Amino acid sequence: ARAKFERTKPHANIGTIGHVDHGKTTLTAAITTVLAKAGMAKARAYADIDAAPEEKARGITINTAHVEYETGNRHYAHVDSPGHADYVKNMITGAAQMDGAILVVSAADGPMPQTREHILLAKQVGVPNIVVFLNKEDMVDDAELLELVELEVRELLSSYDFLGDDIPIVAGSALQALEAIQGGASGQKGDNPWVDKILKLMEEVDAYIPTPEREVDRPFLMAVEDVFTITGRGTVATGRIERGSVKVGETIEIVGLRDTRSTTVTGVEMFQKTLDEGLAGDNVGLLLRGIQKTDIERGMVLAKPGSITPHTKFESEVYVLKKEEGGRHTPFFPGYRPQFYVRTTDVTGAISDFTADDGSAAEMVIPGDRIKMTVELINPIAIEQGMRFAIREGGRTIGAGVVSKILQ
C-alpha cells in the first residue's frame, strides 16, 4: 500500500578520482554549480574547492575539499583532493569514506598512471563502484576517438575487477558546463547540452553507486577498550560500538588474542541509562555473562558470532609516512617488524612479499610511497578486509595500512 515515509533522503559518500589535471576539481565545482540552480547545493567555485584545506587525524595529514549537495534522489558528501598523495592517504587511511567514486578521465589524454593507480587503490580499499566522467570532451572533435578512450578506460576498470561493461561512462566538459551556468544557463534538462551532461552524470551516480547499508544494520562489532569487575556475574567490557547493534540476552563472540569464545550480553549501560540495546556509535558498557576480567583484554573485539574471525596473516595496501608527516626517513623493507595498531592496541608483526603495482617484487617501499605487502602478526586478532591499521614504532605512526586480503 503506502510506502513508509522517509524523513531524510538517502545519503552517500563519494569522491572524484583520476589523474592530476584531468578535471576532478572542475567537475566537482560544476556539479555543485549545476545542482545549486535546483536549490540542492551551495554553488562552490573552482578556486574555492581547488584550495583544499589540510586536515590532521591519528597522525596523518591530508589536503581534502569536502562539498555537499543532493540530487532529487540522494544526499552526497563529495571529497576532492589536490594531489595524488592526498588520494593515496585518504583511500588507505579511510579519512574519507567512499561508497563510490567518480573517475574523471581526460578525453584529450586518455587514462594516465594515476588513473590506473586510483582504480587500483579503489579496488584495494573496497570502493564498491565507479562512475566515469570522460572530461574535456570539448577538446576532442572526434567521436571515434572518444569511443577508443572509453574502451580503454573500460578495459582498465575491468583489469582491476570492476565491471567494465556495466560502469556508466558520461562524456562531457566540466569546464563548459560551468561556463554555461555563468553565461546564464538554467540548470533545467534540455536547456544546455554541457549542463545536461552534468545532470546525466549525477543520474548515473544516483542509479549506479549503491547507498551503503546503515551502520546499525551491519553485524555487531565493538572493540574492547576497558573492562571492569563490578559483580561476580561477569565483567563489564566498554567501548564504542563500531557497527550493528547488541541487545540484552544476545549471544556475541569475543574474538582475537584468545580462542574465540561465546557469551551472553546481560546488560547494556550508557551514562545514566540502562538500555536494552546498544547501537552503532554508542559508547557502552556491556555486561558479559560469566566472562572474567582475565579472559578479556584490549585488542579483542565483541562481535556477532561468525561475523568476523581472528587471523594472523594478510595482504594490505600500506602507505609509508614521510618524515615531514611524522614518519621516519627510512624505507620499509622485507622482514621489518614494527608494531601494528589494530583498533586499540599494538600487535607485533613482520612485513614481507612487497609487490609492485605491476606485480613484480619490490626490495623496499620508501616514505611517501605506497605498496602491497603481506603482514603476519605475532598473535591472532579480529581481521577483516577493509580494516585499517596504523604501523607504529615507539608509539609514533610511521605508516598506514588497509587489509586487502586475508591469507590466514
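One-based numbering along the sequence shown.
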Report task. Look up the CA B-factors in the entry and say which stretch, 165-173 or 282-290, has the higher mean. Result -> 282-290
Report task. Between 234-242 and 175-183, name whichever shows the higher mean Cα B factor according to the PDB entry. Result -> 234-242
Query raised in the report: In this PDB entry, which of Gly359, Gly368, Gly349, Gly39 has the top CA B-factor?
Result: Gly359
Report summary line: Looking only at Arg214, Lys197, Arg258, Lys247, the Cα with the top B-factor belongs to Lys247
**Report entry** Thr93 - Cα temperature factor, lowest/middle/highest third of chain
**Finding:** highest
Query - CA B-factor ranking of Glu55, expressed as a third of its chain - result: highest
Report task. Would you mind ranking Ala143 by its C-alpha B-factor against the rest of the chain and naming the third, lowest, middle or highest? Result -> middle
**Report entry** Chain-relative CA temperature factor third for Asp206
**Finding:** lowest
Requested in this report: Check where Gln385 lands among this chain's C-alpha B-factors and tell me if it's the lowest, middle or highest third.
Outcome: middle
